[PDB]
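The block underneath contains the structure these notes are about, expressed in structure tokens.
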Amino acid sequence: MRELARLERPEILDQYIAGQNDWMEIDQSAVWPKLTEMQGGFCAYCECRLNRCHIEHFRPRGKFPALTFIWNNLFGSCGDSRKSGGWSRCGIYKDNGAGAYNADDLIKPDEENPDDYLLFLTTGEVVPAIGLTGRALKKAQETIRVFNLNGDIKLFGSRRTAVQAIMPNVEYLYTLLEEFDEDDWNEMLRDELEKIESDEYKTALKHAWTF
Amino acid sequence: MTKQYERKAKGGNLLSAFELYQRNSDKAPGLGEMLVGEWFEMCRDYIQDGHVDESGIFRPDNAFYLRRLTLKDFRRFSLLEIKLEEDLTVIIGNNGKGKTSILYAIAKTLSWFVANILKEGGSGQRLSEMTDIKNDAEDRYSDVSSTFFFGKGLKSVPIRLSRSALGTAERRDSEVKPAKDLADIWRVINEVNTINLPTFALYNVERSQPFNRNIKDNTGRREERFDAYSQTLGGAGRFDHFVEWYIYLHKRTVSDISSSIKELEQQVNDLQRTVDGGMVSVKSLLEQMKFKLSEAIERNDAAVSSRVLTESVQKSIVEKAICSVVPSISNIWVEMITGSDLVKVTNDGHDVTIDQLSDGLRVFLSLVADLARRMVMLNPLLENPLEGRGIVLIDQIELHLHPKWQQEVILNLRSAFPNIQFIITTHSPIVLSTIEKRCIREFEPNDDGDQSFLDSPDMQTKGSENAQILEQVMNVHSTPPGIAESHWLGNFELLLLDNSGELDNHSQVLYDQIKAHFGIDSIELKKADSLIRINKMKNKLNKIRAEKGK
Amino acid sequence: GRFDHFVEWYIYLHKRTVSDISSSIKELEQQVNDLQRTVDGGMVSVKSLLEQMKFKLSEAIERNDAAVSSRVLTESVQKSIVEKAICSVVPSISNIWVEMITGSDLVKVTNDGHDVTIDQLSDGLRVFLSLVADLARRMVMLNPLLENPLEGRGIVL
Amino acid sequence: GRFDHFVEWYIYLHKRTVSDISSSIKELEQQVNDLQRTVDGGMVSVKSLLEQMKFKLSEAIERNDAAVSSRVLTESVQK
């Protein structure tokens with residue numbers, strides 16, 4: 001996934017304190033314009049467009065009750081809880097499906113870089129990164145197992161066709177490496193880094209474009 | 001009290017004039033002069049007004065359809081609310097989601113309409129008390145609630161069908177009184193002047209039945225209009241009735257109407273020859289033909305008279321409907337051999353008899369022919385009787401059909417029957433590729449029955465690829481996950497990025513397996529080759545970027 | 001196929017499980033379980049009459065099974081092989097049995113997670129269940145000598 | 001007289017009183033009495049892990065009371 005720049009704590013959640021009241025008392029509309037500035041209106045778990053969205057807690061509220069009002073726990077979720085069952089990805093799947101998991105067994109997109117631990121292939125399938133062994137390898141397996149990237153059909157097929165829709169673009173832009181010069185050919189890759197952010201999938205196309 | 005009903009009739013309502021008609025029709029004229037006539041004229045206008053639009057299709061001013069369907073404790077549904085479209089509604093889902101149960105509930109609802117049209121004070125079908133009740137539910141009763149739309153004067157026609165399991169303290173009952181009222185209006189205006197009754201049909205799985213062709217089921221009734229409602233919600237299309245009706249039409253076209261009525265008068269003249277031959281001794285055939293003349297008098301007068309259109313036009317219209325909707329059959333016609341009367345079609349240029357037609361081209365003709373028969377018998381005041389109102393419940397329209405022929409089945413059906421609200425429950429993505437997004441109801445593949453709504457898919461399915469519809473709407477991979485030969489590109493990319501994009505020891509031999517399996521001209525090997533070139537020249541970019549950086 | 005024949009053979013085979021027809025086994029079914037109710041080895045002297053009440057009842061129910069395991073098929077083994085074939089092939093059914101907690105002989109399956117009757121199934125799972133169930137029935141009652149009778153010769157259209 | 005409906009009614013009544021409240025509560029009570037007549041002296045090791053069936057005796061006493069919470073014939077009393 002993407003580096004999310006944790007910019008500034010909003011002043012809405014400073015007045016309400018955990019323990020005295022639950023999460024339902026706050027209005028839900030005062031945090032979304034703060035979150036969409038750093039997320040681009042995207043679920044940062046399926047790396048994922050928010051046609052419908054809700055607020056997802058990275059660590060669960062029932063297990064760690066004095067963690068919800070810190071603002072380091074709030075993210076966007078692919079889909080909404082109002083579906084009478086919900087989806088099977090991003091935020092809903094961790095709280096509904098999967099199973100037991102540890103707090104340190106998960107990758108957090110605020111400070112930890114997901115580029116060197118997981119790897120988006122050209123076929124839409126995610127693998128662990130090469131040379132990765134041990135606790136971080138177990139973490140890279142566990143995050144995919146709880147977030148269902150290798151998983152539900154509507155995410156996997158859409159990511160596969162989004163990466164496969166630019167394969168002639170990548171092929172014909174790369175085959176002119178000897179034809180073009182250094183600065184004006186790396187200008188193509190800065191053009192891609194200025195292009196890809198107005199899409200659903202960013203790091204998958206980053207892995208398809210460069211390495 | 002009378003004034004309020006007259007004000008409601010002036011404002012526009014079908015039901016408000018009905019009790020006025022029922023209270024003033026029983027007295028004498030003078031007190032009924034123009035009084036009964038204006039409510040009859042307004043009621044028949046509210047039934048029969050319609051206009052031809054810019055595309056040439058007759059559209060009624062007061063369309064009849066089903067708006068909402070609510071199932072409470074019915075089979076697997078706790079409390080399910082479905083909003084149905086005006087023209088086409090598609091219900092999709094896995095095997096196990098109750099999408100045949102929805103059609104069964106709507107058919108049980110429409111049975112009251114059919115029975116109350118057919119006979120005054122009639123009773124339709126009822127819910128079973130052994131299987132339709134939810135075996136998990138604790139209330140021990142199930143009700144199916146529907147709402148019907150019949151124009152601006154009639155916004156809502158409610159109906160509930162209730163059934164309780166045996167042993168309950170309170171006996172739950174139906175509230176089919178508005179269905180009773182609407183079918184009473186239709187029947188008592190139809191008994192005195194001809195109208196265009198709607199078509200109610202259900203085509204369930206049991207249309208997939210073999211053809212017998214030795215069918216001598218009861219001869220004489222298969223030309224009357226109310227025979228068109230005979231077992232129309234049973235589930236199987238009455239192809240027996242259609243083929244008997246079509247032999248009737250062939251005989252009447254070639255003999256009874258080309259050179260006037262002859263086959264009855266020739267044996268009438270035979271009786272006049274044999275009536276004075278001495279001892280009579282022919283009482284067995286003296287009277288069994290005498291009421292055949294009465295049959296041809298009191299039944300064919302409707303079909304030749306102004307109420308029901310010309311029989312040769314009926315034959316042309318049903319033949320046009322069959323050759324327009326049914327894919328490869330282009331003409332249908334009857335042969336009369338010595339002792340036999342058999343119908344043959346032109347399937348792909350070959351004259352093939354019906355009984356040896358294919359099972360995927362005969363159980364669709366059993367739908368289209370029977371539906372066209374019921375429209376041309378029930379809607380005879382139209383230039384195109386296929387433009388009449390009605391509700392038709394097809395179960396799995398893609399049954400026995402090739403994917404080539406699934407690309408046009410619902411387009412052909414909606415083209416031939418524009419005013420019919422089809423409610424179909426398909427399994428294939430290719431049928432969904434010809435149907436709008438808003439016409440589709442769907443079930444998620446986690447749907448234990450608790451949902452109070454069925455919603456459309458997120459992506460548009462009208463022009464999408466079949467792989468996209470299968471892999472976004474129906475939640476199925478394009479390439480199977482139970483096959484080790486399908487993940488070979490993923491294992492290729494894993495083993496190729498393990499050694500930084502070089503075909504050293506594993507990637508080369510796995511590339512040999514892909515080349516020996518999928519083939520030289522295979523698109524999978526085309527992706528493999530493109531990724532090989534792109535990832536072998538990526539190390540050149542790595543070296544150039546390293547030289548730039550340091 | 002003959003799915004009514006399969007259902008009748010299935011309820012028949014379940015009622016014959018496990019006492020058969022030699023009887024013998026029926027005369028080693030009723031009174032054997034009724035020893036521990038009444039006197040339990042005599043005033044509970046030896047309570048279980050050794051641990052041979054388990055291991056399929058002192059291998060004496062197995063006395064009409066040791067030459068009936070694979071030389072012919074034991075009827076419990078026939079029923080279990082048909083059950084395994086149905087649950088292995090047919091999709092979204094993972095258990096099948098016969099109940100008479102009501103007054104009628106009716107078979108039930110475990111469609112998804114809900115225990116429903118065959119007449120309360122789909123029309124696409126019941127048809128495939130009829131095909132697989134009938135074919136597995138014909139293999140287990142035409143191949144008596146096999147360890148797994150589904151690995152037999154045949155041609156199926 | 002229909003000695004066709006009686007056979008169906010009889011097999012029906014035997015089926016709902018074989019895997020339900022049936023003629024096995026006497027066997028369970030005799031089993032508990034015979035076990036108690038021997039464990040009275042001692043050796044409760046054959047009672048500790050056989051206590052599940054003795055609790056299942058009271059569990060079979062449960063769900064029976066709803067059949068006899070009214071003045072009506074029990075299905076095993078009709079037979």
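Ligands are numbered from 1 in the order shown, chains are lettered A, B, ... in the order of the structure tokens, and residues start at 1 in each chain.
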Selection near residue 38 of chain D, 12 Å with only C-alpha atoms, sequence-local residues under 6 positions removed, as an mmCIF file with N, CA, C and O atoms, in the first residue's frame:
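Output below, filename around36.cif:
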```cif
data_model
loop_
_atom_site.group_PDB
_atom_site.id
_atom_site.type_symbol
_atom_site.label_atom_id
_atom_site.label_comp_id
_atom_site.auth_asym_id
_atom_site.auth_seq_id
_atom_site.Cartn_x
_atom_site.Cartn_y
_atom_site.Cartn_z
ATOM 1 N N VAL C 39 -29.047 -55.317 34.475
ATOM 2 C CA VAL C 39 -28.261 -55.973 35.513
ATOM 3 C C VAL C 39 -26.769 -55.680 35.384
ATOM 4 O O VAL C 39 -26.042 -55.787 36.387
ATOM 5 N N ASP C 40 -26.316 -55.257 34.203
ATOM 6 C CA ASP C 40 -24.999 -54.661 33.939
ATOM 7 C C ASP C 40 -23.855 -55.598 34.362
ATOM 8 O O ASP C 40 -22.996 -55.264 35.179
ATOM 9 N N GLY C 41 -23.882 -56.807 33.801
ATOM 10 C CA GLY C 41 -22.851 -57.796 34.067
ATOM 11 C C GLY C 41 -23.006 -58.537 35.376
ATOM 12 O O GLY C 41 -22.066 -59.199 35.825
ATOM 13 N N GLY C 42 -24.171 -58.424 36.008
ATOM 14 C CA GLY C 42 -24.508 -59.064 37.268
ATOM 15 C C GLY C 42 -24.116 -58.157 38.414
ATOM 16 O O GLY C 42 -22.921 -58.042 38.705
ATOM 17 N N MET C 43 -25.100 -57.488 39.044
ATOM 18 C CA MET C 43 -24.976 -56.537 40.162
ATOM 19 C C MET C 43 -23.815 -55.537 40.040
ATOM 20 O O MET C 43 -23.324 -55.026 41.056
ATOM 21 N N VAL C 44 -23.411 -55.240 38.797
ATOM 22 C CA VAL C 44 -22.176 -54.555 38.424
ATOM 23 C C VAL C 44 -21.030 -55.302 39.112
ATOM 24 O O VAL C 44 -20.508 -54.870 40.148
ATOM 25 N N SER C 45 -20.730 -56.505 38.620
ATOM 26 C CA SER C 45 -19.515 -57.195 39.039
ATOM 27 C C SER C 45 -18.346 -56.762 38.165
ATOM 28 O O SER C 45 -17.377 -56.167 38.647
ATOM 29 N N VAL C 46 -18.438 -57.042 36.871
ATOM 30 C CA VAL C 46 -17.603 -56.412 35.858
ATOM 31 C C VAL C 46 -18.536 -55.519 35.056
ATOM 32 O O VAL C 46 -19.451 -56.015 34.385
ATOM 33 N N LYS C 47 -18.319 -54.202 35.151
ATOM 34 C CA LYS C 47 -19.307 -53.230 34.685
ATOM 35 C C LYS C 47 -19.465 -53.256 33.171
ATOM 36 O O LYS C 47 -20.581 -53.388 32.657
ATOM 37 N N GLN D 31 -30.903 -48.615 35.031
ATOM 38 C CA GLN D 31 -29.449 -48.467 34.972
ATOM 39 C C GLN D 31 -28.920 -47.632 36.134
ATOM 40 O O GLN D 31 -27.911 -47.992 36.755
ATOM 41 N N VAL D 32 -29.598 -46.521 36.447
ATOM 42 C CA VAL D 32 -29.189 -45.676 37.570
ATOM 43 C C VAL D 32 -29.348 -46.415 38.897
ATOM 44 O O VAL D 32 -28.466 -46.349 39.763
ATOM 45 N N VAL D 44 -16.244 -45.106 43.252
ATOM 46 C CA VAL D 44 -17.014 -44.128 42.487
ATOM 47 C C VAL D 44 -16.290 -43.731 41.203
ATOM 48 O O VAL D 44 -16.714 -42.803 40.502
ATOM 49 N N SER D 45 -15.193 -44.427 40.886
ATOM 50 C CA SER D 45 -14.504 -44.206 39.618
ATOM 51 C C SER D 45 -15.350 -44.654 38.432
ATOM 52 O O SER D 45 -15.238 -44.082 37.342
ATOM 53 N N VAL D 46 -16.202 -45.668 38.624
ATOM 54 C CA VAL D 46 -17.155 -46.072 37.591
ATOM 55 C C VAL D 46 -18.417 -45.228 37.602
ATOM 56 O O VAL D 46 -19.320 -45.470 36.791
ATOM 57 N N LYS D 47 -18.517 -44.256 38.508
ATOM 58 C CA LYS D 47 -19.617 -43.303 38.539
ATOM 59 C C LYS D 47 -19.221 -41.921 38.042
ATOM 60 O O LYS D 47 -20.075 -41.195 37.526
#
```
Hey, list the chain B side of the contact with chain A: 10 Å cut-off, only C-alpha atoms, answer as a ChimeraX atom specification.
-> /B:444,446-453,455,458,467-468,470-478,487,489-490,493-495,497-500,527,530-531,533-535,537-542,544-545,548
Residues of chain B near chain C: apply a cut-off of 9 Å, count only C-alpha atoms, and supply the list as number ranges by chain.
-> B: 75, 95-98, 100, 131-132, 135, 205
Contacts of residue 378 of chain B at 7 Å (only C-alpha atoms; same-chain gap of 2+ positions) as a PyMOL selection string | chain B and resi 196-197+225+374-376+380
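Taking the backbone of this structure through DSSP, the residues of segment 13-54 of chain B that come out as helix (DSSP H, G or I) are residues 14, 15, 16, 17, 18, 19, 20, 21, 22, 23, 24, 35, 36, 37, 38, 39, 40, 41, 42, 43, 44, 45, 46, 47 and 48 of chain B.
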Select all residues from chain C having any atom no more than 6 Å from an atom of chain D (counting only C-alpha atoms, ignoring ligands), output as a ChimeraX atom specification.
-> /C:37-38,100-103
Can you spit out the residues from that selection as a CSV table (one decimal), in the first residue's frame, using C-alpha atoms?
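Produced file again-v4.csv, reproduced below:
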```
chain,number,residue,atom,x,y,z
C,37,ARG,CA,-29.8,-51.2,31.5
C,38,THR,CA,-31.0,-54.1,33.7
C,100,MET,CA,-37.7,-40.4,11.7
C,101,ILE,CA,-38.2,-38.0,14.6
C,102,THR,CA,-41.4,-37.3,12.8
C,103,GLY,CA,-43.6,-40.1,11.5
```
Residue 141 of chain C environment, 12 Å, only C-alpha atoms, sequence neighbours closer than 2 positions dropped, as a PyMOL selection string = chain C and resi 6+9+13+72-75+77-79+81-82+134-139+143-146+148-150+152
Figure out the distance between atom CA of residue 107 of chain B and atom CA of residue 192 of chain B, please, to one decimal in Å.
-> 28.4 Å
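Of the listed residues B:247, B:296, B:399, B:91, the one whose atoms come nearest to residue 334 of chain B is B:247, with distances taken using only C-alpha atoms.
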Could you pull out the strand (DSSP E or B) residues of segment 236-348 of chain B from DSSP and send them as a ChimeraX atom specification?
-> /B:329-337,340-347
What does the distance between atom CA of residue 69 of chain C and atom CA of residue 29 of chain C come to in Å, to one decimal place?
-> 18.9 Å
Polymer residues at most 12 Å from segment 62-68 of chain D, only C-alpha atoms, same-chain spacing of 5 or more positions, as a PDB file with N, CA and C atoms, in the first residue's frame:
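Okay, this is what ended up in around-v8.pdb:
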```pdb
ATOM      1  N   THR D  17     -42.076 -42.133  18.708  1.00  0.00           N
ATOM      2  CA  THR D  17     -41.762 -42.593  20.057  1.00  0.00           C
ATOM      3  C   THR D  17     -40.701 -43.689  20.040  1.00  0.00           C
ATOM      4  N   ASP D  20     -37.280 -40.350  20.563  1.00  0.00           N
ATOM      5  CA  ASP D  20     -37.887 -39.260  21.321  1.00  0.00           C
ATOM      6  C   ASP D  20     -38.247 -39.830  22.687  1.00  0.00           C
ATOM      7  N   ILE D  21     -39.186 -39.181  23.379  1.00  0.00           N
ATOM      8  CA  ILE D  21     -39.743 -39.725  24.615  1.00  0.00           C
ATOM      9  C   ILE D  21     -40.405 -41.071  24.318  1.00  0.00           C
ATOM     10  N   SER D  22     -39.833 -42.134  24.875  1.00  0.00           N
ATOM     11  CA  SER D  22     -40.071 -43.484  24.386  1.00  0.00           C
ATOM     12  C   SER D  22     -40.059 -44.449  25.565  1.00  0.00           C
ATOM     13  N   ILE D  25     -36.988 -44.735  29.258  1.00  0.00           N
ATOM     14  CA  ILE D  25     -36.811 -44.094  30.556  1.00  0.00           C
ATOM     15  C   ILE D  25     -36.803 -45.134  31.675  1.00  0.00           C
ATOM     16  N   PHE D  55     -26.719 -37.662  34.190  1.00  0.00           N
ATOM     17  CA  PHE D  55     -27.241 -36.324  33.931  1.00  0.00           C
ATOM     18  C   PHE D  55     -28.129 -36.302  32.689  1.00  0.00           C
ATOM     19  N   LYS D  56     -27.831 -37.153  31.702  1.00  0.00           N
ATOM     20  CA  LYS D  56     -28.688 -37.298  30.531  1.00  0.00           C
ATOM     21  C   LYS D  56     -30.033 -37.926  30.872  1.00  0.00           C
ATOM     22  N   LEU D  57     -30.113 -38.670  31.978  1.00  0.00           N
ATOM     23  CA  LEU D  57     -31.404 -39.122  32.494  1.00  0.00           C
ATOM     24  C   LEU D  57     -32.303 -37.937  32.846  1.00  0.00           C
ATOM     25  N   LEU D  73     -53.818 -36.743  25.182  1.00  0.00           N
ATOM     26  CA  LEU D  73     -53.118 -38.018  25.102  1.00  0.00           C
ATOM     27  C   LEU D  73     -51.711 -37.839  24.545  1.00  0.00           C
ATOM     28  N   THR D  74     -50.734 -38.409  25.241  1.00  0.00           N
ATOM     29  CA  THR D  74     -49.367 -38.454  24.743  1.00  0.00           C
ATOM     30  C   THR D  74     -49.294 -39.467  23.601  1.00  0.00           C
ATOM     31  N   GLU D  75     -48.426 -39.193  22.616  1.00  0.00           N
ATOM     32  CA  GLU D  75     -48.274 -40.049  21.440  1.00  0.00           C
ATOM     33  C   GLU D  75     -47.795 -41.455  21.787  1.00  0.00           C
ATOM     34  N   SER D  76     -47.097 -41.628  22.908  1.00  0.00           N
ATOM     35  CA  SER D  76     -46.727 -42.949  23.395  1.00  0.00           C
ATOM     36  C   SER D  76     -47.791 -43.569  24.287  1.00  0.00           C
ATOM     37  N   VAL D  77     -48.802 -42.799  24.682  1.00  0.00           N
ATOM     38  CA  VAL D  77     -49.918 -43.328  25.454  1.00  0.00           C
ATOM     39  C   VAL D  77     -51.026 -43.830  24.530  1.00  0.00           C
TER      40      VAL D  77
END
```
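Non-sequential neighbours of segment 4-6 of chain A (distance at most 9 Å, separation of 6 or more positions within a chain, only C-alpha atoms) are residues 38, 39, 44, 72, 109, 110 and 111 of chain A.
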Okay, now the selection with C-alpha atoms, as an mmCIF file, in the first residue's frame?
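Okay, this is what ended up in again05.cif:
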```cif
data_model
loop_
_atom_site.group_PDB
_atom_site.id
_atom_site.type_symbol
_atom_site.label_atom_id
_atom_site.label_comp_id
_atom_site.auth_asym_id
_atom_site.auth_seq_id
_atom_site.Cartn_x
_atom_site.Cartn_y
_atom_site.Cartn_z
ATOM 1 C CA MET A 38 -4.142 12.398 3.262
ATOM 2 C CA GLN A 39 -5.869 9.338 1.759
ATOM 3 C CA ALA A 44 -5.666 2.209 2.228
ATOM 4 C CA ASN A 72 -3.685 7.091 15.054
ATOM 5 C CA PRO A 109 0.649 2.425 6.557
ATOM 6 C CA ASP A 110 1.345 5.545 8.658
ATOM 7 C CA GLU A 111 5.068 4.971 9.203
#
```
Compile the contact shell of segment 133-150 of chain A as a PyMOL selection string: residues with an atom at most 7 Å away, counting only C-alpha atoms, same-chain residues fewer than 5 positions apart removed.
-> chain A and resi 45-46+89-90+93-94+98+105-107+117-118+125-126+128+156
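Put simply, atom CA of residue 234 of chain B is 21.7 Å away from atom CA of residue 142 of chain B.
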